[PDB]
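Structure, as structure tokens:
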Amino acid sequence: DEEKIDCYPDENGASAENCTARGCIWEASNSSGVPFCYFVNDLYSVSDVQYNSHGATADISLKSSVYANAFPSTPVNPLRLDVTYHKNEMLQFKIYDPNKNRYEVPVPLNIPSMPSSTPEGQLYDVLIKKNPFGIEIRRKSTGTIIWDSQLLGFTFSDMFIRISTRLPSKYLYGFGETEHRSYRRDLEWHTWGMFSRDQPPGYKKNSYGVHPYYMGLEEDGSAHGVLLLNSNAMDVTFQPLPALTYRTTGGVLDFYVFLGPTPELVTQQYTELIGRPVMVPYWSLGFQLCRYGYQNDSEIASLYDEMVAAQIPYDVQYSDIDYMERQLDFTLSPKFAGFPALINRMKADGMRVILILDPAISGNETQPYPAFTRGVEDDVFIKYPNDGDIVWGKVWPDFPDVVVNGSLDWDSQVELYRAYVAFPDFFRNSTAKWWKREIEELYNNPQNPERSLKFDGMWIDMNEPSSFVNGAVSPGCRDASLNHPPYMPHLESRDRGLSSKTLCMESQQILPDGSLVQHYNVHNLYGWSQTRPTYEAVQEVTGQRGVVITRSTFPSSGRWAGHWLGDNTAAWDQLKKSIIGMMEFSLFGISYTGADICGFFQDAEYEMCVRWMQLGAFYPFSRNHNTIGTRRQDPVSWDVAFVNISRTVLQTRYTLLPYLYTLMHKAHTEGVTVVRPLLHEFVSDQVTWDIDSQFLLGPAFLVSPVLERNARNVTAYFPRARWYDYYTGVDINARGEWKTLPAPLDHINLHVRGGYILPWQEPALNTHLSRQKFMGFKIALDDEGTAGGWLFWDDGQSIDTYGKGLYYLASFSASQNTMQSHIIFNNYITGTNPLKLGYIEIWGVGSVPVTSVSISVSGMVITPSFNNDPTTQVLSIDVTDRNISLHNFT
């Protein structure tokens with residue numbers, strides 16, 4: 001019943017007789033999911049197979065054209081398979097066309113210059129199985145088979161490719177941006193679409209990004225990861241006999257397999273190939289505020305001031321497209337002059353500002369509009385292939401004299417009000433200058449230096465590329481590259497073809513090398529094409545590190561950017577998904593992520609929004625965004641109760657900051673994860689394979705959120721190790737157990753893994769005041785392990801600090817009643833430049849109040865006073881009184 005490989009997933013035409021023309025069997029069924037039409041024999045035969053020390057290779061040819069010709073496109077013949085043993089932990093294998101040069105995905109990966117695999121160390125081995133054609137990758141260590149494509153259905157045709165594989169287990173994690181319902185994916189007959197779309201998340205709907213990467217857990221504890229380097233419109237299909245099916249619409253099949261034994265290792269090797277996450281500036285770790293629809297220039301200041309009054313800390317203030325004159329890039333609304341004033345004033349208090357930018361530039365504008373004009377001069381816009389004119393879409397920008405009525409049909413609006421817009425092709429070295437220059441003159445306004453916006457980071461959005469008209473503007477498109485590309489993957493609005501809510505598939509783009517590519521093959525690649533130049537724009541213009549948040553991602557997209565999870569609704573399910581979403585992106589190689597705290601779409605509810613500020617106070621990207629019409633939902637728009645609560649939780653977060661910042665450091669330099677699923681640190685505990693309602697930050701910090709409405713208590717799993725309650729210092733005392741901890745409406749349970757020590761800093765109203773205050777420690781010993789830890793300090797905003805000199809890195813170990821400090825490299829914390837060391841809590845010291853030694857060193861020893869309660873293992877040790885700094889301590 002499984003083992004049935006759906007022969008007819010085509011949008012139209014599935015039928016008993018149409019199913020026989022393809023060499024298949026049509027047997028109707030009463031079981032949900034199972035394909036009436038399925039395969040009974042192959043159409044390609046692997047022919048010649050050769051092994052060597054550094055790989056394998058084989059030929060694939062047709063038998064017979066009679067049936068292959070009945071499938072979507074024109075089969076290619078023959079094919080060729082090249083399996084390369086790169087490292088001992090990583091493989092690639094690719095099936096391409098040896099004859100004609102097919103579209104291959106133009107993202108740079110790193111790869112040992114020469115296959116560096118050794119027989120003693122090679123961790124896998126591969127066969128090319130002969131009948132039916134199949135590839136079998138295997139972990140040498142145990143027996144387990146990682147990949148097994150010796151299932152039927154393999155198809156190759158210019159614009160339709162299908163390969164399949166057997167999963168070694170019932171545990172599969174992560175795929176290209178969509179709203180999955182749980183972390184571990186279903187397998188019980190499910191198809192998911194993958195294609196850059198402007199889709200608010202929804203079950204089974206292709207959304208902003210595309211990520212054909214998954215992690216698979218094995219029968220024992222072992223983990224592996226697989227990547228399909230394909231940027232064409234595809235879907236994947238999960239089946240109950242553990243097995244999935246790729247159906248791309250046409251590149252080559254470039255696969256990379258990683259098999260570090262552990263989840264964290266899998267991810268280190270994955271990101272090693274595509275690239276490790278960006279390093280964020282310290283200030284980006286702060287809380288953030290924004291909304292679609294700030295009216296008055298000063299409705300913002302009114303907000304910023306109402307916040308600092310309630311002493312609810314927050315580092316970043318935004319503006320949506322309202323700051324723009326009629327939603328035009330690089331224009332300032334009259335309703336918003338002396339916005340520049342606001343910026344400069346807030347950045348002066350120690351705040352930071354991020355600004356949104358869409359990609360679509362308006363060309364129906366009558367006054368002078370540099371952006372669009374110099375855009376046409378430098379020729380940076382996307383246009384049809386036969387020297388045709390620009391491909392005109394529609395998005396936010398309005399026509400110049402038209403009078404807008406919010407009340408109107410949303411279609412009505414798109415026709416009467418919305419200006420024609422051009423889409424810059426971000427591959428071109430030419431579109432780089434233009435873009436960097438527009439960004440440039442936003443920061444340093446050449447004409448009106450009094451209307452310069454001094455942003456700190458850029459938020460590119462609406463870049464899938466999203467257009468409000470399916471295809472292009474007036475008559476439309478004219479093609480078959482566009483609608484019914486022979487196989488129309490299982491996307492949203494399937495009946496609308498790929499044109500839907502975006503550009504014409506035939507639209508020409510030009511790679512950086514100079515060759516010509518059609519939008520068909522690079523659409524999933526668009527927002528990615530735009531990410532690095534934006535990251536560089538903010539870099540050059542601000543002289544600083546900066547940060548970029550982008551909507552559309554592709555693998556390696558996170559090497560320059562972070563990502564938020566898009567247009568969620570203010571609904572209770574949406575809390576749990578933000579956890580899922582974050583974790584999946586940790587996998588995808590994007591560590592700076594989060595959701596729209598309290599919910600973008602629709603009106604916030606008081607309780608839900610309390611809960612969400614609590615959970616979200618622990619997103620690496622903690623922002624409270626909201627759509628246009630809805631009532632405001634920021635922390636100071638509720639009541640004293642709320643304000644008071646938001647203070648407590650945001651304080652807690654501003655404490656974790658030095659730890660969170662080093663996790664960001666480790667993630668950038670080691671590849672390791674940030675928001676880290678429980679199963680990643682406790683793999684042998686199969687209870688964690690399935691828990692997706694709580695997460696770690698790095699290894700030591702366990703966040704156990706309340707995600708239900710009326711509930712004021714939470715059952716949460718606690719793995720085999722020590723879990724000290726972050727607030728009080730007491731070990732909960734569950735080991736591999738489900739507790740039901742108490743959770744008031746003003747509380748969210750945090751716990752610290754015994755064996756780890758967390759640097760922590762005193763909370764300020766913003767990172768600027770915060771970094772000056774007292775640096776603490778929190779040594780969580782374990783009966784289970786004693787204690788380890790790291791801190792990384794930095795000017796928190798310079799470019800490539802680590803990679804060139806000016807940084808500080810120290811490991812910390814507590815063995816027997818005494819904790820030491822090994823400074824690995826120092827270059828930022830000098831005598832003249834001090835890091836105040838305040839307190840030094842320590843939990844789990846024993847019920848015996850007797851120290852064998854009770855006092856600290858610096859080079860010179862001293863015996864300060866301390867509070868020890870034997871009941872609750874705590875051992876507090878205030879030190880504000882000394883002249884103790886981080887560079888002279890021991």
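Here, A, B, ... name the chains of the structure tokens in the order displayed, residue numbers run from 1 inside each chain, and ligands are numbered from 1 in the same displayed order.
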Taking the DSSP secondary structure from the backbone, can you list the residues of segment 94-304 of chain A that are helix (DSSP H, G or I), as JSON, numbers by chain? {"A": [263, 264, 265, 266, 267, 268, 269, 270, 271, 272, 273, 274, 282, 283, 284, 285, 297, 298, 299, 300, 301, 302, 303, 304]}
Using only C-alpha atoms, tabulate the residues of segment 828-876 of chain A lying at most 12 Å from any atom of segment 724-748 of chain A, each with its closest atom pair and that distance in Å to one decimal, by chain and increasing residue number, as a Markdown table.
```
| residue | atom | partner | partner_atom | distance |
| --- | --- | --- | --- | --- |
| A:841 | CA | A:729 | CA | 8.6 |
| A:842 | CA | A:729 | CA | 8.0 |
| A:843 | CA | A:729 | CA | 5.8 |
| A:844 | CA | A:731 | CA | 7.6 |
| A:845 | CA | A:730 | CA | 11.0 |
| A:846 | CA | A:731 | CA | 11.8 |
| A:868 | CA | A:729 | CA | 11.7 |
| A:869 | CA | A:729 | CA | 10.7 |
| A:870 | CA | A:730 | CA | 11.1 |
| A:871 | CA | A:730 | CA | 9.2 |
| A:872 | CA | A:730 | CA | 5.8 |
| A:873 | CA | A:730 | CA | 6.8 |
| A:874 | CA | A:729 | CA | 6.0 |
| A:875 | CA | A:729 | CA | 9.2 |
| A:876 | CA | A:729 | CA | 10.0 |
```
query: What lies within 10 Å of residue 113 of chain A using only C-alpha atoms, ignoring chain neighbours under 3 positions off, as a count of residues only?
result: 3
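Residues in contact with segment 511-525 of chain A at up to 6 Å, not including ones fewer than 6 positions away on its chain and judged by only C-alpha atoms, are residues 195, 196, 231, 232, 427, 428 and 505 of chain A.
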Computed gap from atom CA of residue 112 of chain A to atom CA of residue 83 of chain A is 14.7 Å
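Of the listed residues A:483, A:624, A:248, A:890, the one whose atoms come nearest to residue 636 of chain A is A:624, with distances taken using only C-alpha atoms.
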Excluding segment 793-806 of chain A and its own-chain neighbours fewer than 3 positions away, which residues fall within 10 Å of it when counting only C-alpha atoms? Please give them as a tab-separated table (two decimals) with N, CA, C and O atoms, in the first residue's frame.
```tsv
chain	number	residue	atom	x	y	z
A	279	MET	N	26.71	37.54	12.21
A	279	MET	CA	26.90	38.00	13.57
A	279	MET	C	26.13	39.31	13.71
A	279	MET	O	26.31	40.24	12.92
A	280	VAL	N	25.24	39.36	14.69
A	280	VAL	CA	24.42	40.53	14.92
A	280	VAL	C	25.12	41.50	15.86
A	280	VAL	O	25.89	41.09	16.71
A	281	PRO	N	24.85	42.80	15.72
A	281	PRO	CA	25.43	43.76	16.65
A	281	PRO	C	24.72	43.58	17.97
A	281	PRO	O	23.56	43.19	17.97
A	282	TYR	N	25.40	43.87	19.08
A	282	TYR	CA	24.86	43.60	20.41
A	282	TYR	C	23.48	44.20	20.58
A	282	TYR	O	22.58	43.58	21.13
A	283	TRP	N	23.33	45.43	20.10
A	283	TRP	CA	22.08	46.16	20.26
A	283	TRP	C	20.86	45.47	19.65
A	283	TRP	O	19.75	45.72	20.10
A	284	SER	N	21.06	44.61	18.65
A	284	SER	CA	19.93	43.94	17.98
A	284	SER	C	19.28	42.87	18.86
A	284	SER	O	18.17	42.39	18.56
A	539	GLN	N	26.45	48.33	5.90
A	539	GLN	CA	27.82	48.28	6.38
A	539	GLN	C	28.58	49.54	6.00
A	539	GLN	O	29.03	50.29	6.85
A	543	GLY	N	29.29	52.64	8.54
A	543	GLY	CA	30.62	52.36	9.06
A	543	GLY	C	30.60	51.28	10.12
A	543	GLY	O	31.63	50.91	10.67
A	544	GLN	N	29.41	50.77	10.41
A	544	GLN	CA	29.26	49.75	11.43
A	544	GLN	C	28.81	48.40	10.90
A	544	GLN	O	28.73	48.19	9.69
A	545	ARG	N	28.51	47.51	11.83
A	545	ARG	CA	28.17	46.12	11.55
A	545	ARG	C	26.74	46.01	11.00
A	545	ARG	O	26.48	45.41	9.96
A	546	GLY	N	25.82	46.62	11.72
A	546	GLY	CA	24.46	46.69	11.24
A	546	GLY	C	23.79	45.35	11.32
A	546	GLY	O	24.39	44.39	11.79
A	547	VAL	N	22.53	45.30	10.89
A	547	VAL	CA	21.80	44.04	10.82
A	547	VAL	C	20.80	44.12	9.66
A	547	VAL	O	20.33	45.19	9.33
A	658	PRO	N	24.53	38.78	27.70
A	658	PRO	CA	25.93	38.43	27.40
A	658	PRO	C	26.07	36.97	26.99
A	658	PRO	O	26.98	36.60	26.24
A	661	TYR	N	24.50	36.86	23.41
A	661	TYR	CA	25.51	37.39	22.50
A	661	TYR	C	26.63	36.37	22.20
A	661	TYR	O	27.04	36.24	21.05
A	662	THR	N	27.11	35.63	23.19
A	662	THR	CA	28.13	34.63	22.86
A	662	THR	C	27.55	33.47	22.05
A	662	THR	O	28.22	32.97	21.16
A	665	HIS	N	27.84	34.56	18.82
A	665	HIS	CA	29.24	34.40	18.45
A	665	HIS	C	29.61	32.96	18.09
A	665	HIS	O	30.34	32.73	17.12
A	669	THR	N	30.74	31.34	14.32
A	669	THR	CA	32.11	30.86	14.18
A	669	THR	C	32.22	29.34	14.18
A	669	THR	O	33.19	28.80	13.66
A	767	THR	N	20.64	48.65	25.70
A	767	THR	CA	21.97	48.04	25.74
A	767	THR	C	23.07	49.05	26.00
A	767	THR	O	24.11	48.69	26.53
A	771	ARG	N	25.40	47.80	28.99
A	771	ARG	CA	26.81	47.37	28.87
A	771	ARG	C	27.76	48.05	29.84
A	771	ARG	O	28.91	47.64	30.01
A	809	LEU	N	37.58	36.78	24.65
A	809	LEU	CA	37.02	35.43	24.71
A	809	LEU	C	37.60	34.65	25.88
A	809	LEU	O	38.82	34.47	25.98
A	810	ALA	N	36.73	34.17	26.76
A	810	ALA	CA	37.19	33.48	27.96
A	810	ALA	C	36.32	32.26	28.30
A	810	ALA	O	35.09	32.34	28.26
A	825	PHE	N	41.93	34.87	24.73
A	825	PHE	CA	42.50	35.97	23.94
A	825	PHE	C	41.84	37.27	24.40
A	825	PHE	O	40.62	37.37	24.45
A	826	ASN	N	42.65	38.27	24.74
A	826	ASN	CA	42.08	39.55	25.16
A	826	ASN	C	42.65	40.74	24.39
A	826	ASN	O	43.83	40.79	24.08
A	827	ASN	N	41.80	41.71	24.08
A	827	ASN	CA	42.19	42.80	23.20
A	827	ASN	C	41.17	43.92	23.20
A	827	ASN	O	41.26	44.85	22.41
A	828	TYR	N	40.18	43.84	24.08
A	828	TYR	CA	39.17	44.89	24.18
A	828	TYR	C	39.01	45.36	25.63
A	828	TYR	O	38.72	46.53	25.88
A	829	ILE	N	39.23	44.45	26.58
A	829	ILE	CA	39.09	44.80	28.00
A	829	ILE	C	40.45	45.04	28.64
A	829	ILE	O	41.09	44.12	29.13
A	835	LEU	N	35.51	46.19	32.50
A	835	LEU	CA	34.19	45.55	32.50
A	835	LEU	C	33.80	45.23	33.95
A	835	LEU	O	34.27	44.25	34.52
A	886	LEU	N	36.74	42.13	34.54
A	886	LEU	CA	36.75	40.81	33.91
A	886	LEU	C	38.12	40.40	33.42
A	886	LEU	O	38.37	39.21	33.21
```
If you count only C-alpha atoms, the residue of A:713, A:553, A:430, A:267 closest to residue 587 of chain A turns out to be A:267
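Neighbours of segment 597-602 of chain A closer than or equal to 8 Å, with only C-alpha atoms counted and sequence neighbours fewer than 2 positions away skipped, come out as residues 567, 568, 569, 570, 571, 574, 595, 604, 608, 609, 610, 612, 613, 616, 622, 623, 624, 625, 626, 627, 630 and 633 of chain A.
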